[PDB]
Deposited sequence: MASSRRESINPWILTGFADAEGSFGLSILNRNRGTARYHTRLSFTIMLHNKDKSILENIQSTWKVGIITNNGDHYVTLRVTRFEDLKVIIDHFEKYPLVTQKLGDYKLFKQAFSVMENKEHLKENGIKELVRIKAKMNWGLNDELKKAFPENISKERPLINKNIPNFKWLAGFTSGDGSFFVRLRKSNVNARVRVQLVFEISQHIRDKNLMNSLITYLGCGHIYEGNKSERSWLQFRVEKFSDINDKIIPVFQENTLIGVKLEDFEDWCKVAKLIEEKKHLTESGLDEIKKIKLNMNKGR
């Protein structure tokens, strides 16, 4: 049990969060929800988040996945209050804005009159993946292509939570095809759907390093932010997350990541014994 920084929580919500508006039947029932599902290894984050918001239920989905679900109405107010003070950054903010106007419709109790569900389906048709086939056949009169959020990084604490979700620290070992000497390469990467390309591109100027790699438009719908130059990693990337602590197993991956960075800064990665530890400081992180 502990509490995390609010900007770190918002950043992690931009990565793994999901806003849900369920409309099922003609007695149409409604269900507003915020959900996060992770691997069992990161059950601490969900309990860390639940202790911060004092809401939600943490269940087990299968033998490997935990889930945190907030479904009560009065308990969705603290979520909306929090996100109003710490706004989301990715295109998920658009789903949150539709999540909020769906809440105010259900708060005025108008969501049960015939006028209410007609707007909520109109609201639902714009968030996440839209409506189903049946309700789209039950409301082929849906009107309303929402305004696209385009923000930059608000701060580094948002990045700590965001990196704890979609980020990645890992070690590269390359056997030189000419020298047969083991090469060690540290790299930091964040992947993301191309719908937030402007946000991912703003990481370059805010961190002072990194590159954006895309691939052709026909074969891929997600890009990568990546830092491979060791000097940028040791002097820019590492101090950022030393100040803004990551959460979950990403903190453990980052700690082992920094152990390799220091073995390299001490030039011990050229030694036979130093190369042995780095190899273990690579199997550590797969487990």
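Novice: Missing C-alpha coordinates: which residue stretches of the deposited sequence does that apply to?
Specialist: Sequence ranges with no C-alpha atoms are 1-5, 31-35, 155, 299-300.
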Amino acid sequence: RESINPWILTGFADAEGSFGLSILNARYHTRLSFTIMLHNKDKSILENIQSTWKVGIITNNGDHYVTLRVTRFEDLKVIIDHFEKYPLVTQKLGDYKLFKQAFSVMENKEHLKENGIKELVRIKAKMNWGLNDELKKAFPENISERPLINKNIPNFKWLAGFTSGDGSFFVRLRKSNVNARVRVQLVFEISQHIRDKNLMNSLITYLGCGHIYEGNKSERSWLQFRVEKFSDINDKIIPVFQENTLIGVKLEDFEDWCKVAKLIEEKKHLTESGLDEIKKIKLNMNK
From here on, numbers count along this sequence of modelled residues.
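Novice: Between 159-167 and 174-182, which has the higher average C-alpha B-factor in the PDB entry?
Specialist: Mean CA B-factor is higher for 174-182.
Novice: For the stretches 87-95 and 127-135, which has the higher mean C-alpha B-factor as given in the deposited record?
Specialist: Taking the mean B-factor of the alpha carbons in each, 127-135 is higher.
Novice: Can you tell me which of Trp222, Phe241, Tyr28, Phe34 has the highest Cα temperature factor in the record?
Specialist: Checking the PDB record, the top C-alpha B-factor among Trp222, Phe241, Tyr28, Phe34 is at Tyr28.
Novice: Going by the deposited entry, which of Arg195, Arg72, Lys217, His211 has the highest CA temperature factor?
Specialist: Max CA B-factor in the entry, restricted to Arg195, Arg72, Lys217, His211: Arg72.
Novice: Relative to the other modelled residues in the chain, which third contains the C-alpha temperature factor of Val55: lowest, middle or highest?
Specialist: Its C-alpha B-factor belongs to the highest third of this chain's values.
Novice: Ranking every modelled residue in this chain by its Cα temperature factor as given in the entry, which third contains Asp42?
Specialist: Within its chain, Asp42 is a middle-third residue by C-alpha B-factor, going by the deposited values.
Novice: Taking the entry's C-alpha B-factors for this chain, is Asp232 in the lowest, middle or highest third?
Specialist: As the PDB entry reports it, the C-alpha B-factor of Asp232 lands in the lowest third of its chain.
Novice: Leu9's Cα B-factor: lowest, middle or highest third of the chain?
Specialist: As the PDB entry reports it, the C-alpha B-factor of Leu9 lands in the lowest third of its chain.
Novice: Grab the CA temperature factor for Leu24 from the record and place it in the lowest, middle or highest third of its chain.
Specialist: Top third by C-alpha B-factor.
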